[PDB]
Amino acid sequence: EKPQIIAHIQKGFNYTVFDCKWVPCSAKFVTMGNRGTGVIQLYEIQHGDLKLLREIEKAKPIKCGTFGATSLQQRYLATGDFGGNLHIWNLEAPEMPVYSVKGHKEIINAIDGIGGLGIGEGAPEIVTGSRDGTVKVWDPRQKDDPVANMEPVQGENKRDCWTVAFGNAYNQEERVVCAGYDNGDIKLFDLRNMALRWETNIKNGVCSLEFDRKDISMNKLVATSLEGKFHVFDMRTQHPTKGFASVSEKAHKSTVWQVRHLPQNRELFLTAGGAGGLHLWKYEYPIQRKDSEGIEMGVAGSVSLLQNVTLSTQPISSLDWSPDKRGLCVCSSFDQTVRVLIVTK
């Protein structure tokens, strides 16, 4: 018996929206995008309806945001905009940012936060991934300079970073950043001692990366790509030269824009595709997760499609499951609609 993906509530917006996130411990969410100027908009679910509470114009279009580094008492939105600025915002008083750095030379494409909201050990950090080809890690207590910078050696060419994801944050010294690029590069950096723990290439642009849960020893990692392709890597077993076992799926014919694991269940995940398609997958682990030479390597499992609907005219470019209420989900589209979905069962 199949879960149902129900369009519960929706609202038209009149600009471009590039990202959306639930405001933690609330019935609220933000959207962000772009006159050519930037905007964040704050919504709340009210009498089963959607009330626009606020809108915040900024100088430059906003590409992505995250609450993942903020506290309950602050709930500040960290954003990456089109001129390479990273801002932290008090939504209640957003005229001036709490934190401001021109971190990057081009659009910040992607952003993640860990350590805030009691998720992840260690001080709170934000990771930004840019069109300038660099990935930087920021501690909001240190103005101006990042605490880590992952970029090619000076003689090597820059690519375009499309996606960044925190993982492995189970204690104060353990923490990785997985980054994805326009040429299909996936690079996994260990932040404890700056190490390039693993690198691969998936042929096409890595549109989105997400670990199955952020604050546990790396379990699964999903990468999504052009041509309806996504990959699920078992992260528990690395062969030093062969890497991590994986299974690919062709979900749609179109670009797979985003993967989001259910916060309440790490084996469940949604993909959002190029044509407004949402597919809901569950991973199945093989009986046992050594090679010819007696060196360990992972064993890839399978994914089974649970449900799929087409809910938009345009790409569904961003998605966020509710941390507060299981199966509640928000997504944004290039048709200029935000949708509140309920996922049953």
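One rule holds for the numbers: they count along the sequence shown, beginning at 1.
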| query | finding |
| --- | --- |
| Where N34 meets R35 in the shown sequence, the number of deposited residues left unmodelled | 1 to 3 |
| Chain break class for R289 to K290, judged by how many deposited residues have no coordinates | 1 to 3 |
| Mean temperature factor over C-alpha atoms, higher-scoring stretch between 59-67 and 296-304 | 296-304 |
| 242-250 versus 203-211 - which carries the larger mean C-alpha B factor in the record | 242-250 |
| Which of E174, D132, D185, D81 ranks first by CA B-factor in the deposited coordinates | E174 |
| Candidate residues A179, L221, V127, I119, the one whose C-alpha B factor the record puts highest | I119 |
| CA B-factor ranking of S317, expressed as a third of its chain | lowest |
| B-factor third for the C-alpha atom of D145 within its chain | middle |
| B-factor third for the C-alpha atom of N157 within its chain | lowest |
| CA B-factor placement of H261, once the chain's modelled residues are sorted into thirds | lowest |
| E95 CA temperature factor, ranked by third within the chain | highest |
